[PDB]
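FYI, in PDB author numbering the residues of the first sequence are -2 to 153, 161 to 432.
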Amino acid sequence: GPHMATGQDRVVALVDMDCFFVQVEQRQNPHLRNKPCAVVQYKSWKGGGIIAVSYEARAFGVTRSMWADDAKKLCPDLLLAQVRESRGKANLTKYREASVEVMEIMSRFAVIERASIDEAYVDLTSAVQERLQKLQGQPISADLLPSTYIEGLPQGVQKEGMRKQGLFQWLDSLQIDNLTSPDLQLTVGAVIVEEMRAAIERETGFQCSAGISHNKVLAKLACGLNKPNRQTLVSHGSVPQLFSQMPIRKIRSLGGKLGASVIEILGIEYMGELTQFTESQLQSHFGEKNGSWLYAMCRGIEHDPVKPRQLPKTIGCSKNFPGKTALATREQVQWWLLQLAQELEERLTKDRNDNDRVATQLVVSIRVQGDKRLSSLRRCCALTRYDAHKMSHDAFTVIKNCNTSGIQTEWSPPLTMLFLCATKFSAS
DNA sequence: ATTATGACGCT
DNA sequence: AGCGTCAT
Ligand SMILES: Nc1ncnc2c1ncn2[C@H]1C[C@H](O)[C@@H](CO[P@](O)(=S)OP(=O)(O)OP(=O)(O)O)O1
Ligand SMILES: [Ca+2]
Ligand SMILES: [Mg+2]
Ligand SMILES: [Mg+2]
C-alpha cells in the first residue's frame, strides 16, 4: 500500500526527429519537400542503400535497409538525396551538424542525454516544478497542448477529433491544487515539450515527435505511438492497458535475444504478462540485473537516469568492403586506413576546438572475409597526436599480424570492414 | 551487398 | 582489455 514505489518521481521526455536525414535534405532542397523522398548511401550497387524515408514514401512501403532500385519498384516517383562521399566513403557531417542545431535548442529548456544522432532524453522534473509554481494553480488549457495525445483516451469522427476528445477527458479529470500529482506533472511536462518542439521547428525547420512519461523507457515507447509531428503522454495509470497487448520486443532493450528468451522461456507474448512472475523468478532466468529491471519495468517503473551528456563519447569512422571489394592487398588496406584516418583527424580536430577535449585512445576494428560477427578483431593503441598518417600507421601496426598470408604484398584473408574509433576523452 | 555509426554490459 | 548486445 503506502510503501510500494510507483515510479512517478520524475518527468522524462524522449524527443525523436521525424525521418531526420530526409528533413535535413528537404530543408536544403525545397524540391524534395512534401514528397515521397529517401536518403541513400552510394549508388552503383542496386541504386544505393536507403537509410531514411519520408512519411509520404513510407506509405508506398519504402523502408530503410532497402535498395533504391527496389524502392523505385514500390514508388516509381520516389525522390532521392545522396549522402555526401568524401575520401571514398560516406560522410555524415551534414547530419551531425544538423543534430547539433537541435540538441543545442533542447539544452535551453532542460538537461539532455544524447541518445542518438536524432534523439535525446530530457529530464523535465525541475522545469515542471518551476512552471507549476508560476502557474499559481491555474488550469491547463487544451490550447497549450495542440499536438498532444493522451494514450488510452478517449474511453467509455476526425483523427484530430479523437485526439481532442482524449485530451478533453484527461484535462477535465485533472486535479490541479495538488502540486505533487504525477498526472499533473506529466501534463505540465507535455506543455514544456510542446514549447520545445515549437522552438525546434521555428529555429531549424525540423519537425519531431516526442514521448512524455515518468522514465526513459516509457517516454521512448510513448514517442513512437503517434508519429510524425505529434507527442504522446503515457501516464502511470495507462500502463496496465497499454502493456496488456504490447509485444515484449517493442520495449527498448528487449528487441533482441534477451526479449526472445523472455518470450520462449516464460511462454508469454506481451509486456503485461510479466507481472505474474516474482522478482526472484525473473532473476533466476535472466540474471539479477535483468530480472529486477523486468520486474519493475512491466509495472511501468524504471530508474535509469537521464545522463547529463550532450556530446558523443566516441568519434568513429568505418567502412564495409562487401563481396568482391574486400581488401586483398597490403597497399589497399593501408590506403583505406589512411582514408579513414584522414576523416577521423578532421572530425577530431574540429571536436577539440569546439568542445575542449582530446581523445587519448584509438580503437581499431576489422572484419575478415567469412567471419561470424560485426567485428573479427578489436585492438587498441595510444592516440597521442591528431595526425592521420600516424593514426593510420598505428592502426596498421596493430592489425599487422592478422594477415595469415606468408606473401609480402598480399593480404589474406581479405578484410570486409575497417573501423577507427577515437575514445577516452580528457579535458583540454 | 542490411552501411555507418554509437552506448553499454560481461568477464 | 576484448567481445557481445542493442539500437539509430
Ligand atoms: N540502420 C541505420 N543505418 C544508417 N543510418 C541510420 C540507420 N537508422 C537510422 N539511421 C539514421 C537515418 C535517420 O534519419 C536517423 C534517425 O533514425 P530513426 O530515428 S530510427 O529514423 P528516422 O529517419 O528519424 O525516422 P523516424 O524517427 O521518424 O521513424 O538516423
Ligand atoms: Ca527519428
Ligand atoms: Mg527513431
Ligand atoms: Mg531516433
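Every residue gets a Cβ at the ideal spot worked out from N, C-alpha and C, and that includes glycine.
Apart from the five residues on each side of it in sequence, which residues of its chain come closer than 7 Å, Cβ to Cβ, to residue i?
| i | result |
| --- | --- |
| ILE180 | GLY134, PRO136 and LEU188 |
| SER432 | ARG356, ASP360, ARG361 and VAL362 |
| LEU344 | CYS321, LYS323, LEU422 and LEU424 |
| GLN346 | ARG84 and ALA392 |
| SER96 | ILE114 and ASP115 |
| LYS311 | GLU110 |
| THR333 | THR413, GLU414 and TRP415 |
| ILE267 | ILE252 and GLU273 |
| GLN245 | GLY149 |
For residue i, is the beta carbon positioned less than 7 Å from some heavy atom of ligand 4?
| i | result |
| --- | --- |
| residue 433 | Outside the modelled stretch of the chain, which goes from -2 to 432, sits residue 433, for which no answer is possible. |
| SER113 | yes |
How would you write the range of the alpha helix (DSSP H) that residue i sits in, first residue to last?
| i | result |
| --- | --- |
| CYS227 | 220 to 227 |
| residue 160 | Between 153 and 161, the chain has no modelled residues, and residue 160 is one of the positions in that gap. |
| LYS69 | 65 to 71 |
| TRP415 | Taken as a continuous stretch (DSSP letters only), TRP415 belongs to no alpha helix (DSSP H), being part of the beta strand (DSSP E) at 414 to 431. |
| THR208 | 186 to 208 |
| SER265 | 261 to 270 |
| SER257 | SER257 -> no alpha helix (DSSP H), and no H or E assigned at all. |
| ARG105 | 90 to 106 |
| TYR146 | From DSSP, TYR146 is part of no alpha helix (DSSP H) but of the beta strand (DSSP E) over 145 to 147. |
| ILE403 | 392 to 403 |
| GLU22 | 17 to 25 |
State the start and end residues of the unbroken beta strand (DSSP E) segment that holds residue i.
| i | result |
| --- | --- |
| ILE216 | 212 to 217 |
| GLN235 | 235 to 237 |
| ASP176 | Not the beta strand (DSSP E): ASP176 falls in the alpha helix (DSSP H), residues 163 to 177. |
| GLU277 | Segment: none, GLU277 is in no beta strand (DSSP E) and carries neither H nor E. |
| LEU246 | Here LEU246 belongs to no beta strand (DSSP E); instead the alpha helix (DSSP H) covers 243 to 248. |
| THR122 | Not the beta strand (DSSP E): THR122 falls in the alpha helix (DSSP H), residues 122 to 132. |
| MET14 | 9 to 14 |
| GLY46 | 46 to 50 |
| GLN79 | 76 to 79 |
| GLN38 | 34 to 38 |
| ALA300 | From DSSP, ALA300 is part of no beta strand (DSSP E) but of the alpha helix (DSSP H) over 292 to 301. |
| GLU110 | 109 to 113 |
| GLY320 | 319 to 324 |
| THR408 | Per DSSP, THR408 belongs to no beta strand (DSSP E) and is neither H nor E. |
I want to check one thing, is the minimum distance from the CB of residue i to the heavy atoms of ligand 1 below 7 Å?
| i | result |
| --- | --- |
| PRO326 | no |
| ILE48 | yes |
| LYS231 | yes |
In chain order, what residues of the same chain have a beta carbon less than 8 Å from the beta carbon of residue i, not counting five sequence neighbours either side?
| i | result |
| --- | --- |
| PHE400 | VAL337, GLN338 and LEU341 |
| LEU229 | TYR146, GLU148, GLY215, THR236 and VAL238 |
| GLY4 | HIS218, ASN219, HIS240, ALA300, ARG303, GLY304, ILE305, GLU306 and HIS307 |
| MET103 | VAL12, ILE109, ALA117, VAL119, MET200 and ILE204 |
I'd like the list of long-range same chain contacts for residue i, defined as Cβ closer than 6 Å, with 5 residues on each side in sequence excluded.
| i | result |
| --- | --- |
| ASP308 | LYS220 |
| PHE18 | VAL36, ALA49 and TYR92 |
| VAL195 | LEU141 |
| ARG167 | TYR146 |
| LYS86 | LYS323 |
| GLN365 | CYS384, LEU387, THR427 and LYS428 |
| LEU225 | none |
- Query: Listed in chain order, which residues are found with a beta carbon closer than 7 Å to a heavy atom of ligand 2?
  - Reply: Residues with a Cβ closer than 7 Å to any heavy atom of ligand 2, in chain order: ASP13, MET14, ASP15, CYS16, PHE17, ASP115 and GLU116.
- At a cut of 8 Å, does the stretch 315 to 333 reach the stretch 406 to 426 through at least three beta carbon pairs? Contact between the stretch 315 to 333 and the stretch 406 to 426 is present, because at least three Cβ pairs lie under 8 Å.
- Is it true that the stretch 136 to 148 meets the stretch 46 to 53, where meeting means three or more beta-carbon pairs spaced less than 8 Å apart? At 8 Å Cβ cutoff, the stretches do not touch.
- Report yes or no: do the stretch 290 to 297 and the stretch 203 to 211 share at least 3 C-beta pairs separated by less than 8 Å? The stretch 290 to 297 makes no contact with the stretch 203 to 211: fewer than 3 CB pairs, one atom from each, lie closer than 8 Å.
- So, do the stretch 62 to 71 and the stretch 111 to 124 have three or more beta carbon pairs nearer to each other than 8 Å? Contact between the stretch 62 to 71 and the stretch 111 to 124 is absent, because fewer than three Cβ pairs lie under 8 Å.
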